[PDB]
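Trainee: I am attaching a structure below and will ask some questions about it afterwards.
Cβ placement follows ideal geometry from the backbone for every residue including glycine, while neighbour counts extend to all protein chains displayed. Throughout, read-outs are computed from the coordinates displayed, never taken from laboratory work.
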RNA sequence: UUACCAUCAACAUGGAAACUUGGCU
RNA sequence: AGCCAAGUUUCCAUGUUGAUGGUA
């Protein structure tokens with residue numbers, strides 16, 4: 001087997017799991033850093049009434065093993081239970097006076113998901129927690145669901161649960177992703193994520209709405225310049241190397257990417273002065289079946305695995321190939337929805353989920369202040 | 001919408017040939 | 001005939017709504 005991904009937490013060190021998702025371990029160990037939950041609220045409907053209160057003391061129980069002294073939340077109950085009820089609940093009784101909110105709803109579809117993601121992530125910056133009352137409605141199963149949910153508020157508030165040791169200090173990782181949706185006139189949204197520390201705990205996310213691909217190059221140069229100045233303000237240094245990912249676009253536009261974006265990725269990024277040429281690397285990432293590499297990272301319990309194809313389309317880093325393969329094993333960072341790892345590296349699904357919320361129906365842009373934390377999860 | 005999903009049923013795009021009306025030209 | 005359409009018929013992969021089992 002390849003060398004694993006050792007994970008470190010506050011006064012603890014945990015090896016990779018036998019099932020390769022370190023689930024049970026993070027169910028019974030600490031956190032690197034966790035924003036304290038002091039003033040927060042849950043809102044419920046009486047159909048889940050007892051399963052409301054059996055939830056909230058749950059949030060006072062599982063977390064001291066995870067190392068997070070969570071306090072009692074605030075009761076909210078309001079009658080109406082539609083998408084417009086979600087809208088008035090998320091545009092009026094929602095403010096930065098609260099930390100972040102927990103919502104239980106009986107059952108719902110993707111449209112109210114778009115409603116909560118639109119009204120939690122655009123105007124008033126507060127990435128609240130939405131959890132349905134269908135998966136917790138049975139006893140002796142709320143254990144793992146509530147523990148994952150507890151991890152999700154402790155991640156999506158500015159806190160940072162896990163990290164991977166990085167030999168490539170003073171170097172960041174950038175994920176750029178494109179959503180392939182033609183329902184809303186083929187808007188073709190783009191999601192950008194950039195890390196703001198060599199430990200990769202903090203990041204920086206952005207998304208703008210545009211159809212065409214001519215001013216797209218200039219605007220993502222401006223966005224990456226914002227990313228580099230943010231990285232310089234957090235880090236007070238300069239990243240020599242830069243790694244840029246893909247999502248799963250096939251060979252129908254790989255030549256188009258290599259002829260258009262790759263020479264433009266070296267075009268006018270030397271604005272910082274003189275002779276500071278940054279080493280760059282762009283890799284194409286495929287799932288279904290500078291060097292190509294297949295990765296086994298996710299362990300499957302049902303069905304056959306899908307090993308992940310990597311095609312480095314551009315490289316100036318000079319990174320060592322053994323360091324490259326160990327990094328590519330570790331390149332599935334974070335992913336605070338799913339503890340452990342997946343097939344594909346982290347910023348691919350990260351900006352893919354970002355593209356999912358903005359390109360479902362969100363014909364707007366997320367806030368700039370919602371970049372340091374990981375709001376979109 | 002706790003995430004990850006394994007499969008199925010249906011649907012838009014992308015085609016591949018057959019066939020009908022055919023127009024052509 | 002060839003091409004051009006109006007197309008349909010099935011397959012036909014990608015994306016994509018539901019559901020069957022689930023790992024917790």
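Trainee: What's the FRET efficiency of residue A:377 with residue A:255 using the Cβ-Cβ distance as r and R₀ = 35 Å, to the nearest 0.05?
Mentor: In this case the efficiency is close to 0.55.
Trainee: Right, something else. On average, how much area does the Cα convex hull of segment A:170-223 cover when viewed from any direction, in nm²?
Mentor: On the way: hull surface 16.7 nm².
Its Cα hull, projected and averaged over all orientations, spans 4.2 nm².
Trainee: Here's a follow-up. Looking at the square roots a ≥ b ≥ c of the eigenvalues of the Cα gyration tensor of segment A:172-360, which shape do they give, rounded for a/c under 1.5, prolate if a/b is larger than b/c, or oblate?
Mentor: Values: a/c = 1.44, a/b = 1.15, b/c = 1.25.
Since a/c stays below 1.5, the shape of segment A:172-360 is classed as rounded.
Trainee: May I pose another question? How large, in Å, is segment A:34-155 by the Kirkwood hydrodynamic radius built from its alpha-carbon pairs?
Mentor: Details: mean 1/r = 0.0676 Å⁻¹.
It works out to 14.8 Å.
Trainee: So, one more: If we sort A:190-199, A:254-263 on the protection proxy, mean other Cβ atoms within 10 Å, highest first, what's the order? Intermediate results must be reported in sequence, preceding the final value.
Mentor: On the way: A:190-199: 21.9, A:254-263: 13.5.
Order by mean packing, descending: A:190-199, A:254-263.
Trainee: Give the separation of the Cα centroids, segment A:313-368 to segment A:218-275, in Å.
Mentor: 15
Trainee: So if each residue of separation counts as 0.36 nm, and I subtract the Cα-Cα distance between residue A:212 and residue A:11, what length gain in nm does that give? Numbers along the way, then the final one.
Mentor: Values: separation 201, 0.36 × 201 = 72.36 nm, distance 4.97 nm.
My answer for the length gained is 67.4 nm.
Trainee: Please report the Cα spread of chain A along all three principal axes, rounded to whole Å, starting with the longest.
Mentor: Extents along the principal axes: 62, 46, 44 Å.
Trainee: Quick one: if you stick a label point 7 Å off each Cα along the C-beta vector at residue A:85 and residue A:53, how many nm between them?
Mentor: Those two pseudo-labels are separated by 2.1 nm.
Trainee: Assuming 0.36 nm per residue, please report the length gained on full extension of the stretch residue A:233 to residue A:60 beyond their Cα-Cα distance. Before the final figure, lay out each step's value.
Mentor: On the way: separation 173, 0.36 × 173 = 62.28 nm, distance 3.72 nm.
Once the chain is fully extended between residue A:233 and residue A:60, it gains 58.6 nm.
Trainee: Restricting to bridges with both residues inside chain A, how much of the DSSP beta-bridge set is antiparallel, in percent to the nearest 5?
Mentor: 60
Trainee: Here is a further query. Largest first and in whole Å, give the semi-axes of segment A:11-76's equivalent ellipsoid, each being the square root of 5 times a Cα gyration tensor eigenvalue.
Mentor: Over the Cα atoms of segment A:11-76, the semi-axes work out to 28, 15, 8 Å.
Trainee: Go ahead and estimate [θ] at 222 nm for chain A from helices alone: -39,500 (n - 2.57) per DSSP H run with n ≥ 4, summed, over the residue count, rounded to 500.
Mentor: Numbers: 10 runs with 108 residues, N = 377.
After summing the helix terms and dividing by the residues of chain A, the value is -8500 deg cm²/dmol.
Trainee: Please sort A:25-36, A:315-326 by packing, taking for each peptide the average over its residues of neighbouring beta carbons within 10 angstrom, highest first. The partial results should precede the final answer.
Mentor: Values: A:25-36: 17.2, A:315-326: 14.6.
Taking the mean over residues of other Cβ atoms within 10 Å, the ranking is A:25-36, A:315-326.
Trainee: Considering the Cα trace of segment A:127-252, what is its radius of gyration and what is Dmax, both in angstroms?
Mentor: Answer for segment A:127-252, Rg first and Dmax second: 18.6, 55 Å.
Trainee: With r as the distance between the Cβ atoms of residue A:23 and residue A:305 and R0 = 25 Å, compute the FRET efficiency 1/(1 + (r/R0)^6) and round to 0.05. Let's see the in-between values first.
Mentor: Working: r = 18 Å, r/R0 = 0.71.
The computed FRET efficiency comes out at 0.90.
Trainee: For segment A:283-303 and segment A:70-119, compute the distance between their C-alpha centroids and round to whole Å.
Mentor: 37
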